[PDB]
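A.B. asks: Take this structure first; my questions come after.
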Amino acid sequence: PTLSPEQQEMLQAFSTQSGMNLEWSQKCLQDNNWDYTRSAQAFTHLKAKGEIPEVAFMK
Amino acid sequence: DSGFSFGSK
């Protein structure tokens with residue numbers, strides 16, 4: 001339900017970089033072990049395929 | 001583990 005200080009900073013960074021809202025950014029990071037490099041790769045892979053749900057990019 | 005997930009896990 002809540003994030004550590006370090007996770008909070010990672011979340012804000014990833015939301016900005018990916019363009020996803022905070023909740024979907026948190027989902028991507030959690031799905032990838034709070035590993036930013038891995039999360040970014042995973043995101044980029046799915047984005048290119050057109051498979052990320054459009055709700056992920058809404059405010 | 002239903003629904004959308006990111007990365008290879």
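Chain lettering (A, B, ...) mirrors the order of the structure tokens, residue numbering begins at 1 for each chain separately, and ligand numbering begins at 1 in order of display.
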Taking only C-alpha atoms into account and nothing else, which residues of chain A lie no more than 7 Å away from chain B? Please answer as a short mmCIF file (atom, residue, chain, number, x, y, z; two decimals) with N, CA, C and O atoms, in the first residue's frame.

C.D. replies:
data_model
loop_
_atom_site.label_atom_id
_atom_site.label_comp_id
_atom_site.auth_asym_id
_atom_site.auth_seq_id
_atom_site.Cartn_x
_atom_site.Cartn_y
_atom_site.Cartn_z
N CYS A 28 4.45 -1.30 -12.92
CA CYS A 28 5.58 -1.76 -13.72
C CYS A 28 6.81 -1.99 -12.85
O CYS A 28 7.49 -3.01 -13.00
N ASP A 31 6.28 -5.14 -10.69
CA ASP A 31 6.34 -6.30 -11.52
C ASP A 31 7.79 -6.69 -11.89
O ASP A 31 8.02 -7.84 -12.25
N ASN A 32 8.70 -5.73 -11.78
CA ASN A 32 10.10 -5.87 -12.13
C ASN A 32 11.03 -5.64 -10.94
O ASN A 32 12.18 -5.23 -11.10
N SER A 39 12.79 -2.50 -15.48
CA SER A 39 11.48 -1.92 -15.69
C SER A 39 11.43 -1.11 -16.97
O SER A 39 10.44 -1.18 -17.70
N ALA A 42 11.42 -3.49 -19.91
CA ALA A 42 10.14 -4.16 -19.99
C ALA A 42 9.06 -3.25 -20.56
O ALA A 42 8.24 -3.65 -21.41
N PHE A 43 9.04 -2.01 -20.09
CA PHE A 43 8.11 -1.02 -20.58
C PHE A 43 8.31 -0.77 -22.08
O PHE A 43 7.35 -0.76 -22.84
#

A.B. asks: Closest to residue 33 (chain A) among A:57, A:7, A:48, A:20, using only C-alpha atoms?

C.D. replies: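 Result for the nearest residue to residue 33 (chain A): A:7.
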
A.B. asks: Report the residues of chain A whose backbone DSSP state falls under helix (DSSP H, G or I), written as a ChimeraX atom specification.

C.D. replies: /A:5-18,22-31,36-48,54-57

A.B. asks: Record the distance separating CA of residue 50 (chain A) and CA of residue 38 (chain A), expressed in Å with one decimal.

C.D. replies: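 Calculated distance between CA of residue 50 (chain A) and CA of residue 38 (chain A) is 18.8 Å.
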